[PDB]
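Student: I need the structure of the sequence given here:
(one chain, ligands or ions: 2)
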Amino acid sequence: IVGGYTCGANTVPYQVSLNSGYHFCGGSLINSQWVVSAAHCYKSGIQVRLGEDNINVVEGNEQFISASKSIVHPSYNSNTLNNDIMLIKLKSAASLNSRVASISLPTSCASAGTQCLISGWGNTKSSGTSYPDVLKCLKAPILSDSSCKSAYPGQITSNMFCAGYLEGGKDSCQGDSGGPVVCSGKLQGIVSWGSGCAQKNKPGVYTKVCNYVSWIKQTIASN
Ligand SMILES: *C(=O)CCCC1CCNCC1
Ligand SMILES: [Ca+2]
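Tutor: Numbering: from 1, shown residues only. Ligands and ions are numbered 1, 2, ... in the order given. Below, you will see the structure:
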């Protein structure tokens with residue numbers, strides 16, 4: 001996250017770190033046995049780390065659970081990143097409480113101007129790499145579809161939305177992929193792609209979760 005602040009330990013209880021010997025993507029806990037992340041974060045050998053703040057030190061509250069299966073959306077397109085969403089089932093259920101809790105799925109989509117919270121352990125520099133130890137947060141608004149399409153002509157599908165600042169300086173960045181975009185207590189987006197990090201006129205693009213609620217519910221119910 002570039003231009004963000006330190007969230008504070010366990011203040012984002014649904015945030016998870018996907019680990020393969022190092023942190024490579026974020027995710028969101030939606031129930032005790034399932035996490036939602038981005039399809040482009042897929043790989044085998046994923047260990048889900050819950051209740052984290054400093055990802056390089058065991059501080060207490062951490063729960064490390066292996067993924068039993070990962071389900072990439074059947075229509076995911078790696079070239080356009082359309083349908084960039086994946087579900088991960090945990091080998092055992094997580095222990096929920098105040099430091100580890102699930103986030104609710106939306107009932108309606110959010111409108112332009114809604115302020116959301118984006119969090120993650122991704123790069124904090126737009127020009128070069130600096131990865132933080134603790135979780136960073138950023139408050140960002142959802143932009144209008146016209147500003148989003150004017151920024152990325154021909155690349156925005158109806159399963160994506162832009163959030164951020166056109167002036168540059170504040171954005172999600174590499175390492176934040178797969179993580180949550182929460183607005184009014186509902187998971188509305190997943191960090192997906194953008195051009196560089198916090199560049200002027202190039203906001204971040206997020207997977208529009210409200211378009212997948214029935215798919216998520218139906219997939220969880222059958223697995
Ligand atoms: C995931 O970490 C790949 C890059 C994610 C982009 C970075 C720029 N802001 C939008 C998300
Ligand atoms: Ca830790």
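Student: CA atoms for contacts and neighbours, from now on please.
Tutor: OK.
Student: up against ligand 2, what does this protein have?
Tutor: Proximity of the chain to ligand 2, by C-alpha under 5 Å from the ion, involves residues 52, 54, 55, 57, 58.
Student: which residues are in contact with the top helix by length along the chain?
Tutor: Selection of the longest helix in the chain by residue count, based on DSSP state H, yields helix 213-222. Among residues not part of helix 213-222, those counted as contacts by C-alpha atoms under 8 Å, 6 or more residues apart in numbering are 87, 105, 106.
Student: roughly how far apart are the last one and residue 154?
Tutor: To residue 154, residue 106 is 27 Å away according to C-alpha to C-alpha, to the nearest Å.
Student: more neighbours, these two?
Tutor: For residue 106 versus residue 154, the count of surrounding residues by other C-alpha atoms under 10 Å is larger for residue 106: 19 against 8.
Student: contacts only, for the spatially most central residue of the chain.
Tutor: Geometric centre of the chain, nearest residue: residue 179, 1.5 Å, by C-alpha atoms, centre = their mean. For residue 179, the contacting residues are 15-16, 25-28, 37-38, 118-120, 190-191, taking C-alpha under 8 Å, 6+ apart as the criterion.
Student: pick out whichever of these sits closest to ligand 1.
Tutor: Ranking the contacts of residue 179 by separation from ligand 1, with C-alpha to the nearest ligand atom as the measure, puts residue 191 on top at 5.2 Å.
Student: give the buried residues for the helix or strand hosting the closest one.
Tutor: Counting by DSSP states H and E, the element that carries residue 191 is strand 186-193. Buried residues in strand 186-193, defined by neighbour count with 16 or more other C-alpha atoms under 10 Å: 186, 187, 188, 189, 190, 191, 192, 193.
Student: nearest residue to the fourth one in space, ignoring adjacent ones along the chain?
Tutor: With C-alpha to C-alpha, 6 or more residues apart in numbering as the measure, residue 181 is the residue that lies nearest to residue 189, at 4.6 Å, once sequence neighbours are left out.
Student: now swap in the second one and tell me
Tutor: Counting by C-alpha to C-alpha, 6+ apart, residue 105 is the residue found nearest to residue 187 once chain neighbours are left out, at 5.4 Å.
Student: that neighbour: how many residues sit nearby?
Tutor: Other residues within reach of residue 105 by the criterion other C-alpha under 10 Å amount to 18.
Student: how about the contacts made by it?
Tutor: Counting by C-alpha under 8 Å, 6+ apart, residue 105 touches 30, 186, 187, 188, 209, 210, 213.
Student: nearest to residue 138, of the contacts of residue 179?
Tutor: If you rank the contacts of residue 179 by distance to residue 138 using C-alpha to C-alpha, residue 118 comes first, at 5.2 Å.
Student: is it correct that the closest one falls within a helix?
Tutor: No: secondary structure assignment (DSSP: H, G, I helix; E, B strand; the rest coil) places residue 118 in strand, not in a helix.
Student: report the separation between the residue nearest to residue 189 and ligand 2.
Tutor: Using C-alpha to the ion, to the nearest Å, we find residue 181 at a distance of 22 Å from ligand 2.
Student: pretty sure that residue contacts residue 118?
Tutor: Yes: counting by C-alpha atoms under 8 Å, residue 181 sits close enough to residue 118 to count as a contact (4.6 Å).
Student: how many other residues sit next to residue 168?
Tutor: Applying the criterion other C-alpha under 10 Å, we find 17 residues in the vicinity of residue 168.
Student: that one contacts residue 198, doesn't it?
Tutor: Yes: counting by C-alpha under 8 Å, residue 198 is a contact partner of residue 168 at 4.6 Å.
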